[PDB]
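Two forms of the same protein chain are encoded below as structure tokens; each is given separately, as structure 1 and structure 2.
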Structure 1
């Protein structure tokens, strides 16, 4: 009910003098350098454990309650992984057994080095499209059938190895916090545009048409044109099969989600549809009757290791950087969801290390890159997976297909694989609804979403990302560019001060002005700040100083020529007459008017706000005190320290007292480093609050 206070009036210097301050030590780099080197016995044990996490989670396995659960989940995820690997290999434009290699090797590495316990490691569509684009370019710029397929495989393997190297290097240097530089709106726009890319790139398998290997910019418009200019040659059986598979798979997917609790396990529609399709095609000999395109024969076995090509490294460095960034971001975002739901910790540097090692091994043995998909991870998590033993069981399923029973997938058509790939794009395609929500909530975020979408659609998936990050950085300057400044007044005859234009019956003490800037002051808004302050007080102090210096010159002259009395009472001007004329100052002597006024020579004080003798006129002002509220100024830079110092000096040379209030102890400490305080500008201008400053002023004048 009551707010009652009685204390003294405090400036920052006065407060510090009366209250003992705790001694603090400023840590030194050489001393700082020393902590890591020690390597005491106990420290060594923990650093090794961090690098090889399996040696910590495996001996604590709850066999009785976690073993059966992992086996059921492993069998379901391995089946899904085989099919997705075949389809994504189709997306990278090579034979489809390399997708099996890409589903096998990185999961085996992640079993030993990873920190997440719920994700499924392998390829996903956006990264496969990016790898295919990078591979087209390297081939074109390689200074001078099946030979063509031998060149594409080699280039894909080299790109994978280089991306893995970059990831591992970033993980060793402890830079795992680079994920903070991508906001949510950027990622939403990027993934919606990439879903449109993936949709367009599947049309050549639903129709069975032949399309060249276009490259960016405007890659998507070229592909669309190539397809419809030859629309008459569409194979009909492929189209009908694809439509049936899409239709049916989409319906069963909705049923699962709606009745989630009722069903013991989710229904496996993708496996069922594949069995029937393969069987009908083989049974009815679709390949020789309707001329459909099938998977064909695959060589049963792994390939021997190869060596990466330095020529390829030179031509694809920029693309590899983009691939590493996208892979890490997606995997980290997906892993974060599960860690929060089950409460366990997650280490980003170790994730970078593990993904890099996995990618390096896959490329050496002929695979392509990938981190994790949200759809396969949801399948693993939904069917009860507890740990990564589910991933090992899925990899064993993949191995059985690679070595023993790969011949059963020979009569399957590419239309069915394309239809499955298209059925997993509903989530990313519903993100278009974000446009209406962001428009109403926040307009800068709506702008980021739209710009990202257009850059990604018009430019490629590699350049669009860089352009989008740059534009997202520019919006931060857009936010703080023209801050909304104001004048404050007293409301209620207490210690409360608010905006002068919002309430009835406000009060302003005579001769005092209070100004507030609600933002940091850096190189991009110091001119705006100066212009607003000059508009707030009503005049320019440098003009007043020049006009005062000028009038002083005229007084000094008349005095020496015998027309001015120079009596203690005032300037008598014995010869009433005078002539007004401006002593023209040349270009090399006009700087004298900007100097501080010294009147020690004349025996009486010269009021500058009262009439001067012999018809000499200067503009008059009613202000004697100015208060600056800096409660919302977070930081300053060299540009702003320079601009601020010149503003204050000008006010002090015309006799106006200045004050700064509302700042913490850390702010003032930094100011000392910039060499801001000197004879003219002292540290005695800082006070704790606005009310403290007003009370001090009233006592001084009175």
Structure 2
């Protein structure tokens, strides 16, 4: 293995001169506007087919290989949807039939507009809690039992419609890339804090206590206080039933995971528990005997369309944005796992449109907002679901319950529903281990997990999320705030330059400094960069320039007085031991000491690093060349270029050659727009590599 190279030393300009470029186009935004104005029938076709995905997947359905799978998966998911709809309607604090509406409408809409083939569309616990909190606030801000339920049901429907409107708007504006602004640490911390929120929310049903409609901030603490202050009023029958169901479901749930091979089909413990709980409750007349809360009678059939309330929209708009983003983020994440697994394209923009339309329709018909539940989606997929036909079948199961078999669920205890929801919390609850994992791998990510968790707990799920996204953006600045700048040296007398402090027997060419900032330089960075560069070269170039300008002034003074006489050969100290009086420039004249030194007046050059006439003294510097390794400087901003231009001008005015190496062509293209180059800062300072600049410097000094 030999790395052997023989080429010219290349400055970036010299390289462009010797190597012809290719034609480039600006791709004017007007051109983008031009392309948008296509109207080609094929484009129209693709667009409509993009907006109505069912017209493409339905016709290509493999009936023989997919129908039975979707039918079986649909029945399974349909049952889960019914029970989860009831439970999550409890979480919204409205009658449980509206959870059935929330499990029905969004899914039917998704069948026509969704691009995912595996998610089960409907409510999930975090969004139901967020909707319930939005409702409590809306009601509290409304200028003046069943009546209270009516108001909550109306506020929930309005919140749902506004969330769907926001989602649909974001999908029409093609901003489905917003999910990228959420890191995995943020999602982990947020979902752990949200699992704690859900746990606390189920306590009023486990104990059967009456808890006020608390709002954020610190609603979780407010609820905990409400639950524990009145803990003696707890219904024992509710608690025991909840404990038994929770204990049994968890034991059986683990068995399914451990013994997947041994089992022909997983035991459906959650379904078995509800049927048994409902049967026993009905059989032993638990509602009368132990005064247990039960699901109760639900009137069959759907509600008539409700008009969204504009007053509610004004009151809850901030909440709705949080609800819309959370709904989209969760759905997209769940969908992504499946699309990747099954190798099909998932369109983020279409998902926003589909989820948004589903929500608007659901809200109008009195259901609450939901996108997808990870547990329900897993069931649809694990039971063999192939397409969104499984989702349609599931919706039909929900419809049957809503229209004909709703009465069967009447004797089911609320605590049992709450206990099932608690069982699903374990996956999310196990995310506490991530803090330790993150701590070893990356402190910034660990900080993000912790801040997100704290923000989600103290402020609510919605406000906490906004604060968490802001803090996670701030950590990007934390990462690049104090870059580990370095001085580089040559290793092995070849073209390799590394940290001057890392290896033995390194070599700096005499009078050359090579400085590296391993980060992009911008507003939060450039002062630190200047401090580190001045520490690396060992002096401040502006201080040196000011001391030289002062000396030049004294020299000119003595020259005019006569004590000093100019000469082709240096200077004449006509008068020895001369006077010692400083000019003491005023506040309005001191700026002259910062101007480029011009000594043309004097015929000869003043070597500023050699002795000066008449004891005049100025710090001497050995630096004649400064190389800035800009390979890791990704971008620059106006502050960095202003600061940069400033630093470079100062080095150049003190006769030190400056070289910027390791940048690409886009970089110099960008730097040309900033009006960076002029006289006394030229594009000649850019070289290809550190070794190009070093060899150029050595030839100059030769």
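Numbering follows the first chain given and starts at 1. Under this definition, the rigid core comprises the largest set of C-alpha atoms superposing within 1.5 Å between the forms.
The rigid segments shift between structure 1 and structure 2, and of the options 556, 252, 33, 381 the one at their hinge is 33. Superposing the two forms on their core, we find that the Cα atom of residue 71 is displaced by 1.0 Å between structure 1 and structure 2. Shown is the Cα shift of residue 562 between structure 1 and structure 2 after rigid core superposition, which amounts to 4.0 Å. Superposing the two forms on their core, we find that the Cα atom of residue 661 is displaced by 2.2 Å between structure 1 and structure 2.
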